[PDB]
Amino acid sequence: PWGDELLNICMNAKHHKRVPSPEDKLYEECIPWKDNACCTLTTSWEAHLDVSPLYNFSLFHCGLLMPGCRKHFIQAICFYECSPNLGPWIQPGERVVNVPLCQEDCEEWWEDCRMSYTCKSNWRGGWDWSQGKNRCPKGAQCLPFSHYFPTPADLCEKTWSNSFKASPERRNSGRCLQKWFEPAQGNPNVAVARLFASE
Ligand SMILES: [Cl-]
């Protein structure tokens, strides 16, 4: 699996489009991808629900989640579900492993979530699942994100089960992806996927 075989594709996960294509309408935080998207309008909207049915995973498990924080998590979903530029990190259903996120992306996400609350530092398993929605298990204290995720890297990496890696590279280095970008400026991740598909 290699080279161009990896550019402009969508992972084989349950919601993804079979190939990327333009979308006339995508919802709010997913707008940057509408040029060429792996997500449908439906998915984009479902990404913005209080508890997205895409994963049935509640971010409000500790009640106190700041809007600035939740915004980052929604953008992360759009990135995951919409990006046509993840091919080089796709691995076997398919998924993504260690997509390198630029330092600013992890930094800002962390900074904006410091004041919000969670009860676990590893979200990949060990939840109480009685309502079809996850709850904090017995003994898991709700504390600030900065307690369970001491650093930006912890947050980037452990919330999404190693889909993302906190890159030491910065934005516009050509060596890391942004999880969100201003639509007007064009997709800076195209160049990065292209680079990694060659090596
Ligand atoms: Cl992208």
# chains A, B, ... in the order shown; residues from 1 in each chain; ligands from 1

call {"tool": "closest_atom_pairs", "arguments": {"of": "chain A", "to": "ligand 1", "cutoff": "7 Å", "atoms": "only C-alpha atoms and all ligand atoms", "output": "tab-separated table"}}
result
residue	atom	partner	partner_atom_place_in_ligand_line	distance
A:33	CA	ligand 1	1 (Cl)	6.8
A:79	CA	ligand 1	1 (Cl)	6.4
A:83	CA	ligand 1	1 (Cl)	4.2
A:84	CA	ligand 1	1 (Cl)	5.9
A:85	CA	ligand 1	1 (Cl)	5.0
A:187	CA	ligand 1	1 (Cl)	6.2
A:189	CA	ligand 1	1 (Cl)	4.9
A:190	CA	ligand 1	1 (Cl)	6.5

call {"tool": "closest_atom_pairs", "arguments": {"of": "range 38-122 of chain A", "to": "range 9-23 of chain A", "cutoff": "9 Å", "atoms": "only C-alpha atoms", "output": "JSON lines"}}
result
{"residue": "A:38", "atom": "CA", "partner": "A:20", "partner_atom": "CA", "distance": 4.6}
{"residue": "A:39", "atom": "CA", "partner": "A:16", "partner_atom": "CA", "distance": 5.7}
{"residue": "A:40", "atom": "CA", "partner": "A:17", "partner_atom": "CA", "distance": 7.0}
{"residue": "A:41", "atom": "CA", "partner": "A:23", "partner_atom": "CA", "distance": 7.4}
{"residue": "A:43", "atom": "CA", "partner": "A:15", "partner_atom": "CA", "distance": 7.2}
{"residue": "A:54", "atom": "CA", "partner": "A:15", "partner_atom": "CA", "distance": 7.7}
{"residue": "A:81", "atom": "CA", "partner": "A:16", "partner_atom": "CA", "distance": 6.3}
{"residue": "A:82", "atom": "CA", "partner": "A:16", "partner_atom": "CA", "distance": 7.7}
{"residue": "A:83", "atom": "CA", "partner": "A:10", "partner_atom": "CA", "distance": 7.5}
{"residue": "A:84", "atom": "CA", "partner": "A:9", "partner_atom": "CA", "distance": 5.3}
{"residue": "A:85", "atom": "CA", "partner": "A:9", "partner_atom": "CA", "distance": 7.0}
{"residue": "A:86", "atom": "CA", "partner": "A:10", "partner_atom": "CA", "distance": 7.5}
{"residue": "A:87", "atom": "CA", "partner": "A:9", "partner_atom": "CA", "distance": 6.1}
{"residue": "A:90", "atom": "CA", "partner": "A:11", "partner_atom": "CA", "distance": 6.5}
{"residue": "A:91", "atom": "CA", "partner": "A:11", "partner_atom": "CA", "distance": 8.6}
{"residue": "A:92", "atom": "CA", "partner": "A:12", "partner_atom": "CA", "distance": 8.9}
{"residue": "A:93", "atom": "CA", "partner": "A:13", "partner_atom": "CA", "distance": 5.3}
{"residue": "A:94", "atom": "CA", "partner": "A:12", "partner_atom": "CA", "distance": 4.9}
{"residue": "A:95", "atom": "CA", "partner": "A:11", "partner_atom": "CA", "distance": 6.4}
{"residue": "A:96", "atom": "CA", "partner": "A:11", "partner_atom": "CA", "distance": 7.8}

call {"tool": "atom_distance", "arguments": {"atom1": "CA of residue 29 in chain A", "atom2": "CA of residue 74 in chain A"}}
result
7.0 Å

call {"tool": "residues_around", "arguments": {"residues": "residue 2 in chain A", "least_positions_apart": "5", "cutoff": "10 Å", "atoms": "only C-alpha atoms", "output": "ChimeraX atom specification"}}
result
/A:7,87-88,196-199

call {"tool": "atom_distance", "arguments": {"atom1": "CA of residue 35 in chain A", "atom2": "CA of residue 163 in chain A"}}
result
23.3 Å

call {"tool": "closest_residue", "arguments": {"among": "A:50, A:5, A:24, A:104", "to": "residue 181 in chain A", "atoms": "only C-alpha atoms"}}
result
A:104

call {"tool": "residues_around", "arguments": {"residues": "range 152-158 of chain A", "least_positions_apart": "6", "cutoff": "7 Å", "atoms": "only C-alpha atoms", "output": "list in words"}}
result
residues 106, 107, 110, 122, 123, 164, 165 and 166 of chain A

call {"tool": "residues_around", "arguments": {"residues": "residue 176 in chain A", "least_positions_apart": "3", "cutoff": "7 Å", "atoms": "only C-alpha atoms", "output": "PDB file with C-alpha atoms, in the first residue's frame"}}
result
ATOM      1  CA  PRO A 100       0.909  13.979  13.535  1.00  0.00           C
ATOM      2  CA  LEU A 101      -0.928  17.053  14.787  1.00  0.00           C
ATOM      3  CA  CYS A 102       0.942  20.321  14.828  1.00  0.00           C
ATOM      4  CA  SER A 167       3.986  16.364  16.804  1.00  0.00           C
ATOM      5  CA  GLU A 169       6.706  20.159  14.511  1.00  0.00           C
ATOM      6  CA  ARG A 170       4.771  23.437  14.226  1.00  0.00           C
ATOM      7  CA  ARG A 171       2.187  24.725  11.774  1.00  0.00           C
ATOM      8  CA  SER A 173       6.506  23.187   8.850  1.00  0.00           C
ATOM      9  CA  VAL A 192       1.720  17.059   4.240  1.00  0.00           C
TER      10      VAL A 192
END

call {"tool": "select_by_dssp", "arguments": {"residues": "range 29-152 of chain A", "states": "helix (DSSP H, G or I)", "output": "PDB file with N, CA, C and O atoms, in the first residue's frame"}}
result
ATOM      1  N   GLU A  29     -18.488  23.725  12.045  1.00  0.00           N
ATOM      2  CA  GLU A  29     -17.075  23.331  12.192  1.00  0.00           C
ATOM      3  C   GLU A  29     -16.485  22.416  11.107  1.00  0.00           C
ATOM      4  O   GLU A  29     -15.263  22.377  10.948  1.00  0.00           O
ATOM      5  N   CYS A  30     -17.324  21.680  10.371  1.00  0.00           N
ATOM      6  CA  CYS A  30     -16.851  20.855   9.234  1.00  0.00           C
ATOM      7  C   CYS A  30     -16.705  21.620   7.892  1.00  0.00           C
ATOM      8  O   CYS A  30     -16.224  21.077   6.907  1.00  0.00           O
ATOM      9  N   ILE A  31     -17.066  22.896   7.861  1.00  0.00           N
ATOM     10  CA  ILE A  31     -17.033  23.673   6.612  1.00  0.00           C
ATOM     11  C   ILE A  31     -15.668  23.661   5.881  1.00  0.00           C
ATOM     12  O   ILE A  31     -15.641  23.619   4.647  1.00  0.00           O
ATOM     13  N   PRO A  32     -14.547  23.681   6.621  1.00  0.00           N
ATOM     14  CA  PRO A  32     -13.256  23.693   5.924  1.00  0.00           C
ATOM     15  C   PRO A  32     -13.033  22.572   4.911  1.00  0.00           C
ATOM     16  O   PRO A  32     -12.288  22.763   3.956  1.00  0.00           O
ATOM     17  N   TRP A  33     -13.701  21.437   5.095  1.00  0.00           N
ATOM     18  CA  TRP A  33     -13.511  20.266   4.222  1.00  0.00           C
ATOM     19  C   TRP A  33     -14.452  20.195   3.022  1.00  0.00           C
ATOM     20  O   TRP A  33     -14.387  19.231   2.250  1.00  0.00           O
ATOM     21  N   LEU A  41     -23.181  15.359   4.606  1.00  0.00           N
ATOM     22  CA  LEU A  41     -23.836  16.439   5.341  1.00  0.00           C
ATOM     23  C   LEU A  41     -24.379  15.877   6.632  1.00  0.00           C
ATOM     24  O   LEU A  41     -24.235  16.486   7.696  1.00  0.00           O
ATOM     25  N   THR A  42     -24.964  14.690   6.555  1.00  0.00           N
ATOM     26  CA  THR A  42     -25.502  14.056   7.755  1.00  0.00           C
ATOM     27  C   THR A  42     -24.458  13.865   8.854  1.00  0.00           C
ATOM     28  O   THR A  42     -24.690  14.178  10.012  1.00  0.00           O
ATOM     29  N   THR A  43     -23.329  13.299   8.476  1.00  0.00           N
ATOM     30  CA  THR A  43     -22.277  13.069   9.421  1.00  0.00           C
ATOM     31  C   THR A  43     -21.866  14.393  10.034  1.00  0.00           C
ATOM     32  O   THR A  43     -21.682  14.483  11.245  1.00  0.00           O
ATOM     33  N   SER A  44     -21.729  15.419   9.212  1.00  0.00           N
ATOM     34  CA  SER A  44     -21.245  16.678   9.723  1.00  0.00           C
ATOM     35  C   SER A  44     -22.172  17.211  10.795  1.00  0.00           C
ATOM     36  O   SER A  44     -21.724  17.735  11.798  1.00  0.00           O
ATOM     37  N   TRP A  45     -23.459  17.103  10.582  1.00  0.00           N
ATOM     38  CA  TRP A  45     -24.401  17.550  11.563  1.00  0.00           C
ATOM     39  C   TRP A  45     -24.330  16.696  12.837  1.00  0.00           C
ATOM     40  O   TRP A  45     -24.372  17.184  13.994  1.00  0.00           O
ATOM     41  N   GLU A  46     -24.273  15.396  12.635  1.00  0.00           N
ATOM     42  CA  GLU A  46     -24.207  14.456  13.754  1.00  0.00           C
ATOM     43  C   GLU A  46     -22.980  14.684  14.620  1.00  0.00           C
ATOM     44  O   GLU A  46     -22.993  14.396  15.806  1.00  0.00           O
ATOM     45  N   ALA A  47     -21.937  15.233  14.021  1.00  0.00           N
ATOM     46  CA  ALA A  47     -20.740  15.611  14.763  1.00  0.00           C
ATOM     47  C   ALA A  47     -20.973  16.724  15.788  1.00  0.00           C
ATOM     48  O   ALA A  47     -20.272  16.804  16.784  1.00  0.00           O
ATOM     49  N   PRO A  67     -17.545  25.605  26.483  1.00  0.00           N
ATOM     50  CA  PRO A  67     -17.793  25.669  25.037  1.00  0.00           C
ATOM     51  C   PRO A  67     -16.513  25.768  24.178  1.00  0.00           C
ATOM     52  O   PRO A  67     -16.422  25.109  23.132  1.00  0.00           O
ATOM     53  N   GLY A  68     -15.523  26.535  24.642  1.00  0.00           N
ATOM     54  CA  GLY A  68     -14.212  26.609  23.973  1.00  0.00           C
ATOM     55  C   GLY A  68     -13.524  25.261  23.811  1.00  0.00           C
ATOM     56  O   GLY A  68     -12.849  25.011  22.817  1.00  0.00           O
ATOM     57  N   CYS A  69     -13.699  24.409  24.816  1.00  0.00           N
ATOM     58  CA  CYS A  69     -13.155  23.068  24.827  1.00  0.00           C
ATOM     59  C   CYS A  69     -13.928  22.173  23.875  1.00  0.00           C
ATOM     60  O   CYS A  69     -13.342  21.499  23.030  1.00  0.00           O
ATOM     61  N   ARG A  70     -15.252  22.163  24.016  1.00  0.00           N
ATOM     62  CA  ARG A  70     -16.079  21.285  23.191  1.00  0.00           C
ATOM     63  C   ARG A  70     -15.879  21.593  21.719  1.00  0.00           C
ATOM     64  O   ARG A  70     -15.812  20.689  20.910  1.00  0.00           O
ATOM     65  N   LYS A  71     -15.745  22.867  21.387  1.00  0.00           N
ATOM     66  CA  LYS A  71     -15.451  23.261  20.011  1.00  0.00           C
ATOM     67  C   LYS A  71     -14.266  22.506  19.387  1.00  0.00           C
ATOM     68  O   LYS A  71     -14.336  22.088  18.231  1.00  0.00           O
ATOM     69  N   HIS A  72     -13.181  22.364  20.143  1.00  0.00           N
ATOM     70  CA  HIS A  72     -12.013  21.612  19.667  1.00  0.00           C
ATOM     71  C   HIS A  72     -12.355  20.152  19.379  1.00  0.00           C
ATOM     72  O   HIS A  72     -11.914  19.588  18.385  1.00  0.00           O
ATOM     73  N   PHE A  73     -13.120  19.544  20.282  1.00  0.00           N
ATOM     74  CA  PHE A  73     -13.525  18.139  20.133  1.00  0.00           C
ATOM     75  C   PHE A  73     -14.403  17.957  18.902  1.00  0.00           C
ATOM     76  O   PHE A  73     -14.248  16.989  18.191  1.00  0.00           O
ATOM     77  N   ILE A  74     -15.289  18.900  18.624  1.00  0.00           N
ATOM     78  CA  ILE A  74     -16.115  18.830  17.409  1.00  0.00           C
ATOM     79  C   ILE A  74     -15.242  18.961  16.157  1.00  0.00           C
ATOM     80  O   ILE A  74     -15.420  18.216  15.187  1.00  0.00           O
ATOM     81  N   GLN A  75     -14.310  19.902  16.176  1.00  0.00           N
ATOM     82  CA  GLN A  75     -13.392  20.050  15.059  1.00  0.00           C
ATOM     83  C   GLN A  75     -12.612  18.739  14.808  1.00  0.00           C
ATOM     84  O   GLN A  75     -12.446  18.314  13.670  1.00  0.00           O
ATOM     85  N   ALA A  76     -12.137  18.107  15.881  1.00  0.00           N
ATOM     86  CA  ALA A  76     -11.453  16.820  15.781  1.00  0.00           C
ATOM     87  C   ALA A  76     -12.306  15.752  15.088  1.00  0.00           C
ATOM     88  O   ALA A  76     -11.808  14.960  14.292  1.00  0.00           O
ATOM     89  N   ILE A  77     -13.597  15.735  15.382  1.00  0.00           N
ATOM     90  CA  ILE A  77     -14.489  14.784  14.728  1.00  0.00           C
ATOM     91  C   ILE A  77     -14.554  15.091  13.241  1.00  0.00           C
ATOM     92  O   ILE A  77     -14.422  14.177  12.429  1.00  0.00           O
ATOM     93  N   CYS A  78     -14.775  16.360  12.893  1.00  0.00           N
ATOM     94  CA  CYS A  78     -14.833  16.764  11.481  1.00  0.00           C
ATOM     95  C   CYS A  78     -13.571  16.321  10.755  1.00  0.00           C
ATOM     96  O   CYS A  78     -13.631  15.753   9.679  1.00  0.00           O
ATOM     97  N   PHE A  79     -12.429  16.590  11.361  1.00  0.00           N
ATOM     98  CA  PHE A  79     -11.139  16.213  10.792  1.00  0.00           C
ATOM     99  C   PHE A  79     -11.098  14.722  10.486  1.00  0.00           C
ATOM    100  O   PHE A  79     -10.813  14.321   9.365  1.00  0.00           O
ATOM    101  N   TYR A  80     -11.415  13.923  11.506  1.00  0.00           N
ATOM    102  CA  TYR A  80     -11.414  12.446  11.423  1.00  0.00           C
ATOM    103  C   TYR A  80     -12.362  11.929  10.346  1.00  0.00           C
ATOM    104  O   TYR A  80     -11.970  11.110   9.515  1.00  0.00           O
ATOM    105  N   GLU A  81     -13.592  12.446  10.360  1.00  0.00           N
ATOM    106  CA  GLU A  81     -14.646  11.975   9.463  1.00  0.00           C
ATOM    107  C   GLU A  81     -14.601  12.575   8.071  1.00  0.00           C
ATOM    108  O   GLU A  81     -15.061  11.943   7.118  1.00  0.00           O
ATOM    109  N   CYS A  82     -14.010  13.763   7.944  1.00  0.00           N
ATOM    110  CA  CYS A  82     -14.018  14.506   6.671  1.00  0.00           C
ATOM    111  C   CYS A  82     -12.716  14.553   5.882  1.00  0.00           C
ATOM    112  O   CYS A  82     -12.753  14.729   4.663  1.00  0.00           O
ATOM    113  N   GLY A  87      -4.605   9.291   4.398  1.00  0.00           N
ATOM    114  CA  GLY A  87      -4.190   8.018   3.811  1.00  0.00           C
ATOM    115  C   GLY A  87      -2.882   7.430   4.326  1.00  0.00           C
ATOM    116  O   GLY A  87      -2.814   6.245   4.595  1.00  0.00           O
ATOM    117  N   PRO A  88      -1.841   8.259   4.464  1.00  0.00           N
ATOM    118  CA  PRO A  88      -0.581   7.729   4.957  1.00  0.00           C
ATOM    119  C   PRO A  88      -0.589   7.205   6.388  1.00  0.00           C
ATOM    120  O   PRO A  88       0.346   6.545   6.790  1.00  0.00           O
ATOM    121  N   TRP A  89      -1.617   7.509   7.159  1.00  0.00           N
ATOM    122  CA  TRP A  89      -1.711   7.003   8.521  1.00  0.00           C
ATOM    123  C   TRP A  89      -2.822   5.983   8.690  1.00  0.00           C
ATOM    124  O   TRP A  89      -3.077   5.544   9.788  1.00  0.00           O
ATOM    125  N   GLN A 103       1.988  21.293  16.740  1.00  0.00           N
ATOM    126  CA  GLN A 103       2.115  21.712  18.114  1.00  0.00           C
ATOM    127  C   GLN A 103       1.014  22.690  18.545  1.00  0.00           C
ATOM    128  O   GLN A 103       0.425  22.529  19.609  1.00  0.00           O
ATOM    129  N   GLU A 104       0.729  23.683  17.708  1.00  0.00           N
ATOM    130  CA  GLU A 104      -0.299  24.682  18.027  1.00  0.00           C
ATOM    131  C   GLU A 104      -1.671  24.053  18.191  1.00  0.00           C
ATOM    132  O   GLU A 104      -2.453  24.472  19.037  1.00  0.00           O
ATOM    133  N   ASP A 105      -1.963  23.041  17.392  1.00  0.00           N
ATOM    134  CA  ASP A 105      -3.265  22.385  17.487  1.00  0.00           C
ATOM    135  C   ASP A 105      -3.461  21.715  18.832  1.00  0.00           C
ATOM    136  O   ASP A 105      -4.510  21.864  19.440  1.00  0.00           O
ATOM    137  N   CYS A 106      -2.448  20.994  19.297  1.00  0.00           N
ATOM    138  CA  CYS A 106      -2.504  20.340  20.608  1.00  0.00           C
ATOM    139  C   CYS A 106      -2.442  21.335  21.762  1.00  0.00           C
ATOM    140  O   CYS A 106      -3.153  21.195  22.758  1.00  0.00           O
ATOM    141  N   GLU A 107      -1.588  22.340  21.594  1.00  0.00           N
ATOM    142  CA  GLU A 107      -1.399  23.408  22.571  1.00  0.00           C
ATOM    143  C   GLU A 107      -2.704  24.154  22.869  1.00  0.00           C
ATOM    144  O   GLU A 107      -3.112  24.279  24.023  1.00  0.00           O
ATOM    145  N   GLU A 108      -3.350  24.624  21.810  1.00  0.00           N
ATOM    146  CA  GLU A 108      -4.563  25.429  21.932  1.00  0.00           C
ATOM    147  C   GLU A 108      -5.729  24.630  22.491  1.00  0.00           C
ATOM    148  O   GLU A 108      -6.479  25.102  23.350  1.00  0.00           O
ATOM    149  N   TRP A 109      -5.834  23.397  22.029  1.00  0.00           N
ATOM    150  CA  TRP A 109      -6.861  22.464  22.487  1.00  0.00           C
ATOM    151  C   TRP A 109      -6.701  22.228  23.994  1.00  0.00           C
ATOM    152  O   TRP A 109      -7.670  22.303  24.748  1.00  0.00           O
ATOM    153  N   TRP A 110      -5.467  21.973  24.415  1.00  0.00           N
ATOM    154  CA  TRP A 110      -5.165  21.787  25.825  1.00  0.00           C
ATOM    155  C   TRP A 110      -5.503  23.038  26.626  1.00  0.00           C
ATOM    156  O   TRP A 110      -6.209  22.952  27.643  1.00  0.00           O
ATOM    157  N   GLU A 111      -5.005  24.184  26.165  1.00  0.00           N
ATOM    158  CA  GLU A 111      -5.210  25.453  26.885  1.00  0.00           C
ATOM    159  C   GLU A 111      -6.682  25.739  27.085  1.00  0.00           C
ATOM    160  O   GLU A 111      -7.103  26.081  28.177  1.00  0.00           O
ATOM    161  N   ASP A 112      -7.458  25.564  26.021  1.00  0.00           N
ATOM    162  CA  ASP A 112      -8.903  25.810  26.058  1.00  0.00           C
ATOM    163  C   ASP A 112      -9.708  24.801  26.881  1.00  0.00           C
ATOM    164  O   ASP A 112     -10.853  25.082  27.235  1.00  0.00           O
ATOM    165  N   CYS A 113      -9.125  23.640  27.180  1.00  0.00           N
ATOM    166  CA  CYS A 113      -9.787  22.600  27.996  1.00  0.00           C
ATOM    167  C   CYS A 113      -9.332  22.483  29.454  1.00  0.00           C
ATOM    168  O   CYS A 113      -9.896  21.688  30.199  1.00  0.00           O
ATOM    169  N   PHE A 145      -9.315  18.765  33.469  1.00  0.00           N
ATOM    170  CA  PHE A 145      -8.570  18.140  32.382  1.00  0.00           C
ATOM    171  C   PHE A 145      -7.082  18.190  32.651  1.00  0.00           C
ATOM    172  O   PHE A 145      -6.394  17.195  32.505  1.00  0.00           O
ATOM    173  N   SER A 146      -6.586  19.350  33.073  1.00  0.00           N
ATOM    174  CA  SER A 146      -5.148  19.504  33.377  1.00  0.00           C
ATOM    175  C   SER A 146      -4.623  18.518  34.424  1.00  0.00           C
ATOM    176  O   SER A 146      -3.436  18.248  34.437  1.00  0.00           O
ATOM    177  N   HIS A 147      -5.494  17.969  35.272  1.00  0.00           N
ATOM    178  CA  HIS A 147      -5.105  16.854  36.146  1.00  0.00           C
ATOM    179  C   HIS A 147      -4.943  15.527  35.398  1.00  0.00           C
ATOM    180  O   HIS A 147      -3.934  14.865  35.560  1.00  0.00           O
ATOM    181  N   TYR A 148      -5.940  15.115  34.631  1.00  0.00           N
ATOM    182  CA  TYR A 148      -5.885  13.821  33.936  1.00  0.00           C
ATOM    183  C   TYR A 148      -5.036  13.850  32.650  1.00  0.00           C
ATOM    184  O   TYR A 148      -4.569  12.803  32.175  1.00  0.00           O
ATOM    185  N   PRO A 152      -0.370  18.839  26.747  1.00  0.00           N
ATOM    186  CA  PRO A 152      -1.106  18.807  25.463  1.00  0.00           C
ATOM    187  C   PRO A 152      -1.001  17.484  24.737  1.00  0.00           C
ATOM    188  O   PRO A 152      -2.001  16.960  24.256  1.00  0.00           O
TER     189      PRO A 152
END

call {"tool": "atom_distance", "arguments": {"atom1": "CA of residue 28 in chain A", "atom2": "CA of residue 66 in chain A"}}
result
18.0 Å

call {"tool": "select_by_dssp", "arguments": {"residues": "chain A", "states": "strand (DSSP E or B)", "output": "ChimeraX atom specification"}}
result
/A:21,37,90-91,95-96,99-101,117-118,128,135,143-144,164-166,177

call {"tool": "closest_residue", "arguments": {"among": "A:160, A:129, A:180, A:60", "to": "residue 142 in chain A", "atoms": "only C-alpha atoms"}}
result
A:60

call {"tool": "closest_residue", "arguments": {"among": "A:135, A:151, A:141, A:65", "to": "residue 117 in chain A", "atoms": "only C-alpha atoms"}}
result
A:65
